[PDB]
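Structure file protein-v4.cif; described as mmCIF, C-alpha atoms and all ligand atoms.
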```cif
data_upload
loop_
_atom_site.label_atom_id
_atom_site.label_comp_id
_atom_site.auth_asym_id
_atom_site.auth_seq_id
_atom_site.Cartn_x
_atom_site.Cartn_y
_atom_site.Cartn_z
CA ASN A 16 68.29 -96.30 -133.81
CA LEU A 17 70.51 -94.20 -131.54
CA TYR A 18 71.36 -95.70 -128.16
CA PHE A 19 68.58 -93.79 -126.36
CA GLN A 20 65.97 -94.73 -129.02
CA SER A 34 52.40 -83.08 -135.56
CA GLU A 35 54.51 -84.51 -138.38
CA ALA A 36 56.41 -81.21 -138.76
CA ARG A 37 57.30 -81.20 -135.05
CA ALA A 38 58.38 -84.86 -135.26
CA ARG A 39 60.65 -84.14 -138.25
CA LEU A 40 62.13 -81.16 -136.44
CA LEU A 41 62.80 -83.08 -133.25
CA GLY A 42 64.10 -86.18 -135.07
CA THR A 43 66.40 -84.13 -137.31
CA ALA A 44 67.75 -81.98 -134.46
CA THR A 45 68.32 -85.14 -132.41
CA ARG A 46 70.21 -86.90 -135.23
CA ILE A 47 72.41 -83.95 -136.12
CA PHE A 48 73.10 -82.59 -132.62
CA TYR A 49 73.95 -86.07 -131.38
CA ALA A 50 76.25 -86.95 -134.31
CA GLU A 51 77.89 -83.59 -135.00
CA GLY A 52 77.61 -81.32 -131.95
CA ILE A 53 75.47 -78.34 -131.04
CA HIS A 54 77.02 -74.87 -131.50
CA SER A 55 78.33 -75.74 -134.97
CA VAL A 56 74.85 -76.79 -136.19
CA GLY A 57 72.56 -73.92 -137.19
CA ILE A 58 68.77 -73.88 -137.28
CA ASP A 59 68.96 -73.16 -141.05
CA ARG A 60 70.51 -76.59 -141.57
CA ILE A 61 68.03 -78.25 -139.19
CA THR A 62 64.99 -76.70 -140.89
CA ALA A 63 66.31 -77.56 -144.37
CA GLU A 64 66.90 -81.20 -143.43
CA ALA A 65 63.62 -81.40 -141.48
CA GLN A 66 61.74 -80.02 -144.53
CA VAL A 67 60.16 -77.19 -142.56
CA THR A 68 60.45 -73.41 -142.58
CA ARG A 69 61.93 -71.22 -139.86
CA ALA A 70 58.39 -69.98 -139.08
CA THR A 71 57.29 -73.59 -138.54
CA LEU A 72 60.23 -74.21 -136.19
CA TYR A 73 59.23 -71.21 -134.04
CA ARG A 74 55.61 -72.35 -134.07
CA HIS A 75 56.76 -75.47 -132.16
CA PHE A 76 59.87 -74.30 -130.27
CA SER A 77 60.80 -70.95 -128.71
CA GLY A 78 64.22 -71.06 -130.39
CA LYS A 79 67.32 -73.21 -130.77
CA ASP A 80 67.77 -73.50 -126.99
CA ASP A 81 64.28 -74.93 -126.53
CA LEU A 82 64.94 -77.40 -129.37
CA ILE A 83 68.24 -78.50 -127.78
CA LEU A 84 66.44 -79.09 -124.47
CA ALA A 85 63.71 -81.08 -126.24
CA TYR A 86 66.39 -83.27 -127.85
CA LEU A 87 68.04 -83.90 -124.47
CA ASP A 88 64.64 -84.57 -122.89
CA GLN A 89 63.95 -87.25 -125.53
CA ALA A 90 67.31 -88.84 -124.72
CA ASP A 91 66.58 -88.65 -120.98
CA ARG A 92 63.18 -90.31 -121.42
CA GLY A 93 64.56 -93.03 -123.69
CA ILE A 94 67.43 -93.91 -121.33
CA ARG A 95 65.11 -93.95 -118.30
CA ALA A 96 62.75 -96.34 -120.10
CA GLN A 97 65.66 -98.61 -121.07
CA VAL A 98 67.14 -98.66 -117.55
CA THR A 99 63.71 -99.36 -116.09
CA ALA A 100 63.21 -102.20 -118.59
CA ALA A 101 66.65 -103.57 -117.63
CA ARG A 102 65.60 -103.54 -113.94
CA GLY A 103 62.40 -105.36 -114.94
CA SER A 104 64.31 -108.04 -116.87
CA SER A 105 65.67 -109.87 -113.78
CA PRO A 106 64.20 -110.37 -110.31
CA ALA A 107 67.72 -110.30 -108.78
CA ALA A 108 69.62 -107.13 -107.86
CA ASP A 109 72.88 -108.37 -109.39
CA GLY A 110 71.03 -109.55 -112.53
CA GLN A 111 69.55 -106.05 -112.83
CA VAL A 112 73.00 -104.42 -112.67
CA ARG A 113 74.21 -106.86 -115.34
CA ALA A 114 71.21 -106.02 -117.55
CA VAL A 115 71.87 -102.29 -117.21
CA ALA A 116 75.49 -102.96 -118.21
CA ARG A 117 74.39 -105.01 -121.22
CA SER A 118 72.09 -102.17 -122.33
CA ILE A 119 75.02 -99.74 -122.13
CA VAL A 120 77.22 -102.07 -124.23
CA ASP A 121 74.53 -102.64 -126.86
CA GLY A 122 74.48 -98.85 -127.32
CA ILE A 123 78.26 -98.53 -127.47
CA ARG A 124 78.50 -101.20 -130.19
CA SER A 125 75.57 -99.90 -132.25
CA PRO A 126 76.08 -98.24 -135.65
CA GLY A 127 76.27 -94.46 -135.22
CA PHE A 128 77.24 -94.50 -131.56
CA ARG A 129 78.81 -91.15 -130.76
CA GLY A 130 79.33 -91.13 -126.99
CA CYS A 131 77.11 -89.94 -124.17
CA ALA A 132 74.62 -87.28 -125.35
CA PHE A 133 74.88 -85.55 -121.99
CA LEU A 134 78.66 -85.54 -121.68
CA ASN A 135 78.87 -84.25 -125.25
CA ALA A 136 76.38 -81.47 -124.50
CA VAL A 137 78.08 -80.44 -121.27
CA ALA A 138 81.41 -80.08 -123.08
CA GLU A 139 79.76 -77.23 -125.00
CA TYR A 140 77.70 -75.82 -122.11
CA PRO A 141 80.06 -75.46 -119.16
CA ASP A 142 78.21 -72.74 -117.17
CA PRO A 143 76.62 -74.70 -114.30
CA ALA A 144 73.42 -72.62 -114.35
CA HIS A 145 72.82 -72.95 -118.10
CA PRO A 146 69.63 -74.99 -118.71
CA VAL A 147 71.60 -77.53 -120.77
CA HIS A 148 74.11 -77.96 -117.91
CA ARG A 149 71.30 -78.32 -115.38
CA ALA A 150 69.66 -80.99 -117.59
CA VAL A 151 72.95 -82.89 -117.74
CA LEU A 152 73.38 -82.83 -113.96
CA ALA A 153 69.78 -83.90 -113.33
CA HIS A 154 70.08 -86.88 -115.67
CA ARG A 155 73.45 -87.89 -114.19
CA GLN A 156 72.14 -87.68 -110.62
CA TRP A 157 69.16 -89.89 -111.50
CA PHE A 158 71.53 -92.46 -113.01
CA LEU A 159 73.90 -92.38 -110.03
CA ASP A 160 70.98 -92.71 -107.60
CA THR A 161 69.58 -95.62 -109.60
CA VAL A 162 72.78 -97.66 -109.77
CA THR A 163 73.65 -96.85 -106.14
CA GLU A 164 70.27 -98.23 -105.10
CA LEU A 165 70.83 -101.39 -107.16
CA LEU A 166 74.26 -101.94 -105.65
CA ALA A 167 72.92 -101.35 -102.13
CA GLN A 168 70.81 -104.47 -102.73
CA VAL A 169 73.72 -106.64 -103.92
CA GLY A 170 75.83 -106.46 -100.73
CA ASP A 171 75.49 -105.43 -97.10
CA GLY A 172 76.88 -101.90 -97.60
CA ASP A 173 74.97 -98.84 -98.78
CA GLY A 174 76.24 -98.98 -102.39
CA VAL A 175 77.37 -95.33 -102.29
CA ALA A 176 81.08 -95.81 -103.06
CA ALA A 177 80.31 -98.66 -105.47
CA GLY A 178 77.71 -96.53 -107.30
CA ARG A 179 80.29 -93.81 -107.89
CA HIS A 180 82.70 -96.49 -109.14
CA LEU A 181 80.17 -97.98 -111.56
CA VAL A 182 79.34 -94.49 -112.87
CA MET A 183 83.05 -93.81 -113.41
CA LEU A 184 83.37 -96.98 -115.48
CA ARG A 185 80.19 -96.12 -117.43
CA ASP A 186 81.43 -92.58 -118.10
CA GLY A 187 84.76 -93.87 -119.38
CA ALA A 188 83.09 -96.51 -121.52
CA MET A 189 80.65 -94.06 -123.12
CA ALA A 190 83.44 -91.55 -123.75
CA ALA A 191 85.85 -94.06 -125.29
CA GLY A 192 83.22 -96.07 -127.19
CA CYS A 193 83.37 -93.58 -130.07
CA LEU A 194 87.16 -93.05 -129.79
CA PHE A 195 88.39 -96.65 -129.50
CA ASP A 196 87.33 -100.08 -130.71
CA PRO A 197 83.77 -100.49 -129.32
CA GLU A 198 84.16 -104.27 -128.90
CA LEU A 199 87.24 -103.77 -126.72
CA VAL A 200 85.64 -100.89 -124.78
CA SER A 201 82.63 -103.11 -124.08
CA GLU A 202 84.81 -106.01 -122.92
CA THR A 203 86.71 -103.75 -120.48
CA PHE A 204 83.48 -102.21 -119.19
CA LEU A 205 81.75 -105.53 -118.50
CA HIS A 206 84.85 -106.83 -116.68
CA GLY A 207 84.85 -103.62 -114.61
CA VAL A 208 81.17 -104.13 -113.74
CA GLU A 209 81.83 -107.72 -112.65
CA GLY A 210 84.59 -106.40 -110.40
CA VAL A 211 82.27 -103.86 -108.75
CA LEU A 212 79.67 -106.59 -108.16
CA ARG A 213 82.36 -108.80 -106.62
CA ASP A 214 83.66 -105.90 -104.48
CA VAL A 215 80.28 -105.11 -102.95
CA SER A 216 79.45 -108.76 -102.31
CA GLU A 217 82.49 -108.94 -100.02
CA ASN B 16 97.66 -72.39 -114.11
CA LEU B 17 95.54 -75.00 -115.84
CA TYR B 18 96.13 -78.67 -115.11
CA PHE B 19 98.34 -79.16 -118.18
CA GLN B 20 100.51 -76.03 -117.62
CA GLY B 21 103.61 -77.18 -115.65
CA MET B 22 106.81 -75.20 -115.08
CA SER B 23 109.10 -77.20 -117.40
CA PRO B 24 106.85 -77.27 -120.50
CA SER B 25 105.70 -73.65 -120.00
CA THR B 26 109.30 -72.41 -119.69
CA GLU B 27 110.38 -74.38 -122.76
CA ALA B 28 107.37 -73.03 -124.68
CA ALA B 29 108.41 -69.47 -123.74
CA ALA B 30 111.94 -70.07 -125.09
CA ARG B 31 110.36 -71.29 -128.35
CA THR B 32 108.03 -68.28 -128.50
CA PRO B 33 109.96 -64.97 -128.54
CA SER B 34 106.94 -63.11 -130.01
CA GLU B 35 104.87 -61.52 -127.24
CA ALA B 36 101.92 -61.12 -129.62
CA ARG B 37 102.05 -64.84 -130.48
CA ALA B 38 102.29 -65.68 -126.76
CA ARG B 39 99.20 -63.57 -125.97
CA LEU B 40 97.31 -65.25 -128.81
CA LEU B 41 98.19 -68.76 -127.67
CA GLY B 42 97.64 -68.03 -123.98
CA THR B 43 94.29 -66.38 -124.65
CA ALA B 44 93.07 -69.13 -126.98
CA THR B 45 94.19 -71.79 -124.51
CA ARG B 46 92.39 -70.18 -121.56
CA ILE B 47 89.13 -69.48 -123.38
CA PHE B 48 88.87 -72.64 -125.49
CA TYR B 49 89.63 -74.78 -122.44
CA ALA B 50 87.13 -73.02 -120.12
CA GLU B 51 84.33 -72.32 -122.58
CA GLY B 52 84.53 -74.50 -125.68
CA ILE B 53 85.72 -73.97 -129.21
CA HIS B 54 82.96 -73.41 -131.79
CA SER B 55 81.25 -70.82 -129.59
CA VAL B 56 84.48 -68.79 -129.30
CA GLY B 57 85.26 -66.68 -132.37
CA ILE B 58 88.67 -65.43 -133.48
CA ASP B 59 87.21 -61.95 -132.93
CA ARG B 60 86.96 -62.76 -129.23
CA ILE B 61 90.51 -64.11 -129.13
CA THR B 62 92.08 -61.12 -130.92
CA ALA B 63 90.21 -58.68 -128.66
CA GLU B 64 91.38 -60.35 -125.47
CA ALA B 65 94.88 -61.05 -126.85
CA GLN B 66 95.16 -57.30 -127.65
CA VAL B 67 96.21 -57.87 -131.26
CA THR B 68 94.69 -57.06 -134.63
CA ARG B 69 93.30 -59.73 -136.96
CA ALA B 70 96.24 -59.11 -139.33
CA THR B 71 98.60 -59.89 -136.45
CA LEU B 72 96.70 -63.15 -135.80
CA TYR B 73 97.13 -64.23 -139.42
CA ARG B 74 100.81 -63.25 -139.36
CA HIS B 75 101.30 -65.97 -136.70
CA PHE B 76 98.56 -68.53 -137.48
CA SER B 77 96.97 -69.67 -140.73
CA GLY B 78 93.47 -69.46 -139.23
CA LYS B 79 91.35 -70.58 -136.31
CA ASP B 80 92.11 -74.28 -136.84
CA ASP B 81 95.85 -73.64 -136.66
CA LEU B 82 95.31 -71.83 -133.36
CA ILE B 83 93.12 -74.64 -131.96
CA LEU B 84 95.79 -77.17 -132.90
CA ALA B 85 98.47 -75.01 -131.25
CA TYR B 86 96.40 -74.91 -128.05
CA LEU B 87 95.96 -78.68 -128.06
CA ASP B 88 99.67 -79.18 -128.87
CA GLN B 89 100.63 -77.21 -125.79
CA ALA B 90 98.20 -79.24 -123.67
CA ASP B 91 99.67 -82.43 -125.17
CA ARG B 92 103.24 -81.33 -124.40
CA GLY B 93 102.30 -80.29 -120.86
CA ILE B 94 100.56 -83.57 -120.04
CA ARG B 95 103.37 -85.63 -121.56
CA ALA B 96 105.83 -83.71 -119.37
CA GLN B 97 103.70 -84.23 -116.24
CA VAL B 98 103.16 -87.93 -116.83
CA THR B 99 106.83 -88.50 -117.67
CA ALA B 100 107.88 -86.58 -114.53
CA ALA B 101 105.46 -88.74 -112.50
CA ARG B 102 107.10 -91.87 -113.96
CA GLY B 103 110.50 -90.40 -113.02
CA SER B 104 109.39 -89.78 -109.42
CA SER B 105 109.39 -93.51 -108.54
CA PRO B 106 111.84 -96.28 -109.45
CA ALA B 107 109.11 -98.94 -109.10
CA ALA B 108 106.59 -99.84 -111.80
CA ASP B 109 103.67 -99.84 -109.34
CA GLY B 110 104.91 -96.61 -107.72
CA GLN B 111 105.01 -95.08 -111.21
CA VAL B 112 101.36 -95.99 -111.82
CA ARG B 113 100.45 -94.48 -108.44
CA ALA B 114 102.40 -91.29 -109.24
CA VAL B 115 100.63 -90.95 -112.62
CA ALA B 116 97.31 -91.41 -110.82
CA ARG B 117 98.24 -88.69 -108.29
CA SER B 118 99.06 -86.33 -111.18
CA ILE B 119 95.63 -86.93 -112.68
CA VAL B 120 93.94 -86.23 -109.30
CA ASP B 121 96.00 -83.07 -108.76
CA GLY B 122 94.53 -81.73 -112.00
CA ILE B 123 90.97 -82.74 -111.12
CA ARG B 124 91.24 -80.91 -107.77
CA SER B 125 92.91 -77.80 -109.24
CA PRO B 126 91.07 -74.49 -109.46
CA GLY B 127 89.77 -73.98 -112.98
CA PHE B 128 89.44 -77.67 -113.76
CA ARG B 129 86.98 -78.12 -116.61
CA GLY B 130 87.47 -81.74 -117.68
CA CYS B 131 89.85 -83.31 -120.17
CA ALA B 132 90.87 -80.79 -122.85
CA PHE B 133 90.93 -83.62 -125.41
CA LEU B 134 87.57 -85.16 -124.51
CA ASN B 135 86.04 -81.68 -124.59
CA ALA B 136 87.57 -80.92 -127.99
CA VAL B 137 86.51 -84.23 -129.53
CA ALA B 138 82.93 -83.71 -128.35
CA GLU B 139 82.94 -80.71 -130.74
CA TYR B 140 85.09 -82.30 -133.47
CA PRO B 141 83.61 -85.78 -134.05
CA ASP B 142 84.67 -85.98 -137.74
CA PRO B 143 87.51 -88.52 -137.75
CA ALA B 144 89.06 -86.79 -140.77
CA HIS B 145 89.42 -83.52 -138.87
CA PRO B 146 92.93 -82.63 -137.60
CA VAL B 147 91.49 -81.90 -134.12
CA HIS B 148 90.00 -85.41 -133.96
CA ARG B 149 93.27 -86.93 -135.13
CA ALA B 150 95.20 -84.95 -132.49
CA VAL B 151 92.89 -86.21 -129.75
CA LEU B 152 93.35 -89.83 -130.81
CA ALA B 153 97.12 -89.43 -131.01
CA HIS B 154 97.29 -88.07 -127.48
CA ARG B 155 95.01 -90.79 -126.16
CA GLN B 156 96.99 -93.58 -127.83
CA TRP B 157 100.23 -92.27 -126.33
CA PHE B 158 98.61 -92.34 -122.89
CA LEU B 159 97.18 -95.85 -123.33
CA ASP B 160 100.57 -97.14 -124.56
CA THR B 161 102.29 -95.47 -121.59
CA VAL B 162 100.08 -96.98 -118.89
CA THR B 163 99.94 -100.37 -120.63
CA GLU B 164 103.74 -100.49 -120.59
CA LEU B 165 103.77 -99.57 -116.86
CA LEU B 166 101.20 -102.24 -116.01
CA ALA B 167 103.13 -104.85 -118.04
CA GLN B 168 105.93 -104.31 -115.51
CA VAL B 169 103.73 -104.69 -112.39
CA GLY B 170 102.56 -108.28 -113.04
CA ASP B 171 103.46 -111.24 -115.24
CA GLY B 172 100.91 -110.48 -117.98
CA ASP B 173 101.18 -108.03 -120.88
CA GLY B 174 99.17 -105.24 -119.19
CA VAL B 175 96.91 -104.81 -122.24
CA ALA B 176 93.54 -105.43 -120.54
CA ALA B 177 94.71 -103.59 -117.41
CA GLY B 178 95.85 -100.57 -119.41
CA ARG B 179 92.46 -100.24 -121.10
CA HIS B 180 90.81 -100.56 -117.66
CA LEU B 181 93.01 -97.84 -116.15
CA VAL B 182 92.24 -95.56 -119.12
CA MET B 183 88.51 -96.16 -118.57
CA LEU B 184 88.78 -95.07 -114.96
CA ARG B 185 90.87 -92.05 -115.97
CA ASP B 186 88.37 -91.02 -118.66
CA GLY B 187 85.48 -91.32 -116.19
CA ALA B 188 87.35 -89.35 -113.54
CA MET B 189 88.30 -86.51 -115.91
CA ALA B 190 84.75 -86.36 -117.31
CA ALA B 191 83.11 -86.20 -113.87
CA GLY B 192 85.73 -84.05 -112.11
CA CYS B 193 83.97 -80.82 -113.16
CA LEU B 194 80.46 -82.31 -112.78
CA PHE B 195 80.69 -83.76 -109.26
CA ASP B 196 82.57 -83.16 -105.99
CA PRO B 197 86.23 -83.40 -107.17
CA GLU B 198 87.35 -84.89 -103.85
CA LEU B 199 84.84 -87.75 -104.18
CA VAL B 200 85.77 -88.26 -107.85
CA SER B 201 89.46 -88.40 -106.85
CA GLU B 202 88.82 -90.90 -104.04
CA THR B 203 86.87 -93.20 -106.38
CA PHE B 204 89.55 -92.97 -109.05
CA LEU B 205 92.43 -93.74 -106.69
CA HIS B 206 90.52 -96.74 -105.26
CA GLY B 207 89.93 -97.93 -108.82
CA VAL B 208 93.65 -97.62 -109.65
CA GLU B 209 94.50 -99.69 -106.56
CA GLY B 210 92.10 -102.36 -107.80
CA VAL B 211 93.77 -102.46 -111.22
CA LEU B 212 97.20 -102.80 -109.57
CA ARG B 213 95.92 -105.67 -107.41
CA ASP B 214 94.28 -107.37 -110.43
CA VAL B 215 97.46 -107.41 -112.53
CA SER B 216 99.56 -108.62 -109.61
CA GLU B 217 97.07 -111.49 -109.12
CL CL C 301 93.59 -72.86 -140.66
CL CL C 302 111.13 -87.53 -122.27
CL CL C 303 98.67 -85.31 -115.88
NA NA C 304 77.31 -72.32 -121.11
NA NA C 305 78.70 -83.59 -105.99
#
```

What's the structure tokens form of this structure?
Ligand SMILES: [Cl-]
Ligand SMILES: [Cl-]
Ligand SMILES: [Cl-]
Ligand code: NA
Ligand code: NA
Amino acid sequence: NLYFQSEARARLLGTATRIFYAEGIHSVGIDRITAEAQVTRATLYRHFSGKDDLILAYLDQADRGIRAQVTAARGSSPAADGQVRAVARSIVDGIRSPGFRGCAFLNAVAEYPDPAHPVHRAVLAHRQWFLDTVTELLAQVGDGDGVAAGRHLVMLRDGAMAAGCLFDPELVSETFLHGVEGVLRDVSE
Amino acid sequence: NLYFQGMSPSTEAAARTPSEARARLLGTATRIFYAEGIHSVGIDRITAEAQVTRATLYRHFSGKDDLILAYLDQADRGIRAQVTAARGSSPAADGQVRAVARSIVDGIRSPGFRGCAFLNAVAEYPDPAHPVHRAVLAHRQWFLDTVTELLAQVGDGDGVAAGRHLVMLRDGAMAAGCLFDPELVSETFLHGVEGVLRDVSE
């Protein structure tokens, strides 16, 4: 459904995911989450240690889903450049999907700016994994180490995810794919 | 000073704002909302740190939303001034793009950088009907129009694709500038801008 995608626990996690992703975090109270999840507050605390734990579980779901999708993209082509293209296509398919609302991690970090906050740490860990992954792919496309190119590809991805819910998603996706082709060309020379 | 707080717009704002109480309110809201976020920061925090009563707040602003919009308006004015000054600093269309890019980098590298004020606000105000969302889109469209018009003057084409590309790099740079080594972010961004300039020139 969304780009990264006990019955009571599943309803809680699914509801928190949907609402936090679409609407934001601080503005969304556990009373609304429990009401929409059709559980009580006591049931929420039976599964999660509080709102913070629930937020982290939401982000963990997103992390796991994205990792699976990026891994599947890497599995979809035997060629390093084909794998980069497949990752880029996955990103676009998310951007153009109904209910796209930007990067879950960039949206969370806007609200959790203290670097040592667990939400902030989760954001940085996910981002570093993604940077490492695309850097490694690009290192296999050309003779160089892919380090500068990886940063470049991440910059394009960050701008695409940010603008995809603020500007025509078809146009954002077109610009992003052209940018990716340019990075692939750049490293091949 | 925050990245959007230049001498010209700040001085002109001061001339428009003879109330010291109003100035403390706006300065306090700007500092805290920018650094920390918006929903998590109550008007009770702003009045305390602005050293005014709640009744003084409401004498100057109609509520929290009015104050948020005033903060974003000052950021908008400050960035417009900086970008327009950057365009004034070079007579050449490509030099103007490079100057705008240097202005962006200067902000990213500045102490207290905490990302794009507008991207951070819209993360918290996703409802397109909300005045904060509308303000963010208005600022962004002005910026896209501005760089598209510059790029249209660098090469023979209309600069439309190039302008969207430059905005994508800018958005990525602002988003990552507080999440990654700002010097490395700046280097990547400037290299990207050079690539866009080359692309439009053929
Ligand atoms: Cl109001
Ligand atoms: Cl002017
Ligand atoms: Cl600027
Ligand atoms: Na925080
Ligand atoms: Na870093």

(message) Taking all atoms listed in the file and a cut-off of 6 Å, can you tell me which residues surround ligand CL 303 (chain C), written as a list in words?
(response)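 The neighbouring residues of ligand CL 303 (chain C) are, in order, residues 94, 97, 98, 118 and 119 of chain B.
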
(message) Between B:65, B:205, B:85, B:70, which residue has the minimum interatomic distance to chain A, considering all atoms listed in the file?
(response)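 Distance minimum relative to chain A lands on B:205.
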
(message) Within 7 Å of chain A, which residues belong to chain B? Use all atoms listed in the file and report them as a PyMOL selection string.
(response) chain B and resi 51-52+54-55+135+138-139+141+179-180+183-184+186-188+203

(request) Residues within 8 Å of ligand CL 301 (chain C) should be enumerated using all atoms listed in the file and returned as number ranges by chain. (result) B: 76-82

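Near ligand CL 302 (chain C), at a distance of at most 9 Å and with only C-alpha atoms and all ligand atoms counted, sit the residues residues 95, 96, 99 and 100 of chain B.
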
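Between residue 87 in chain B and the residues B:71, B:26, B:20, B:32, the shortest atom-to-atom distance, using all atoms listed in the file, involves B:20.
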
(message) Please identify all protein, DNA and RNA residues within 10 Å of ligand NA 305 (chain C), counting only C-alpha atoms and all ligand atoms, and report them as a ChimeraX atom specification.
(response) /A:152,156 /B:191-200

(message) Restricting the calculation to all atoms listed in the file: of B:17, B:56, B:177, B:152, which residue gets closest to ligand NA 304 (chain C)?
(response) B:56

(message) Report as a list in words all protein, DNA and RNA residues lying within 8 Å of residue 169 in chain B, evaluated on all atoms listed in the file, omitting residues in the same chain fewer than 4 positions from it.
(response)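 Counting only the stated atoms, we get residues 108, 109, 165, 212, 215 and 216 of chain B.
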
May I have the residues from that selection written out with C-alpha atoms, as a JSON list (two decimals), keeping the file's coordinate frame?
```json
[["chain", "number", "residue", "atom", "x", "y", "z"],
["B", 108, "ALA", "CA", 106.59, -99.84, -111.80],
["B", 109, "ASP", "CA", 103.67, -99.84, -109.34],
["B", 165, "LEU", "CA", 103.77, -99.57, -116.86],
["B", 212, "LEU", "CA", 97.20, -102.80, -109.57],
["B", 215, "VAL", "CA", 97.46, -107.41, -112.53],
["B", 216, "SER", "CA", 99.56, -108.62, -109.61]]
```

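Straight-line separation from CA of residue 157 in chain A to CA of residue 126 in chain B: 26.9 Å.
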